[PDB]
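Ligands are counted one by one from 1 in listed order, and the atoms in each one are counted from 1 as well. Below, read A as the first sequence line, B as the second, and so on, with proteins coming before strands; counting in each chain starts at 1. Heavy-atom basis, side chains included; hydrogens, waters and symmetry copies ignored.
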4 protein chains.
Amino acid sequence: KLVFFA
Amino acid sequence: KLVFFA
Amino acid sequence: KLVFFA
Amino acid sequence: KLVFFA
Ligand SMILES: O=S(=O)(O)c1cc(S(=O)(=O)O)c2c(/N=N/c3ccccc3)c(O)ccc2c1
Ligand SMILES: O=S(=O)(O)c1cc(S(=O)(=O)O)c2c(/N=N/c3ccccc3)c(O)ccc2c1
């Protein structure tokens with residue numbers, strides 16, 4: 001599970 | 001920018 | 001720019 | 001597997 005906010 | 005992967 | 005999901 | 005390059 002990957003979650004990435006940029 | 002948002003990236004989700006599962 | 002490279003993105004690779006395997 | 002995840003690969004990122006920039
Ligand atoms: O699924 S395949 O067998 O088709 C496969 C497998 C890999 S690999 O096993 O992750 O090695 C790569 C790969 N490697 N890319 C990395 C670069 C830097 C760090 C880690 C990995 C690459 O540059 C291009 C194509 C690939 C195809
Ligand atoms: O902070 S950075 O600007 O250096 C940056 C930028 C990106 S990126 O521009 O969104 O490309 C990524 C990234 N990309 N992830 C996607 C995967 C699938 C779809 C869309 C995007 C990733 O997997 C890992 C690290 C990253 C770091």
Side-chain angles (χ1 to χ4, degrees):
Chain A
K1 194 175 199 160
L2 174 75
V3 183
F4 170 49
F5 287 33
Chain B
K1 185 171 219 182
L2 177 159
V3 183
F4 169 86
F5 192 83
Chain C
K1 196 196 222 184
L2 177 70
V3 186
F4 169 42
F5 285 29
Chain D
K1 181 169 240 167
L2 181 157
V3 181
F4 166 86
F5 183 86

Atom 9 (O) of ligand 1 protein-contacted, heavy-atom criterion under 4.0 angstrom: yes
A side-chain contact here means heavy atoms from C-beta on lying under 4.5 Å apart; do D/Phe4 and C/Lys1 qualify? yes
Is the number of heavy atoms from other residues, nucleotides or ligands under 6.0 Å of B/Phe5 CZ greater than 12? no
Under 4.0 Å from one or more heavy atoms of D/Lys1, ligand 1 contributes atoms 8 (S), 9 (O), 10 (O)
Is the closest heavy-atom distance from B/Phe5 to ligand 2 below 4.0 Å? no
Heavy-atom distance from atom 16 (C) of ligand 1 to the protein below 4.0 Å? yes
For atom 21 (C) of ligand 1, decide whether some protein heavy-atom distance is shorter than 4.0 Å. yes
Starting from atom 26 (C) of ligand 1, locate the nearest protein heavy atom and write down its residue, its atom name and how far away it is, to 0.1 Å. C/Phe4 CE2, 3.8 Å
To which protein heavy atom is atom 23 (O) of ligand 1 closest, and what is the distance rounded to 0.1 Å? C/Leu2 CD2, 4.9 Å
Does atom 2 (S) of ligand 2 have any protein heavy atom closer than 4.0 Å? no
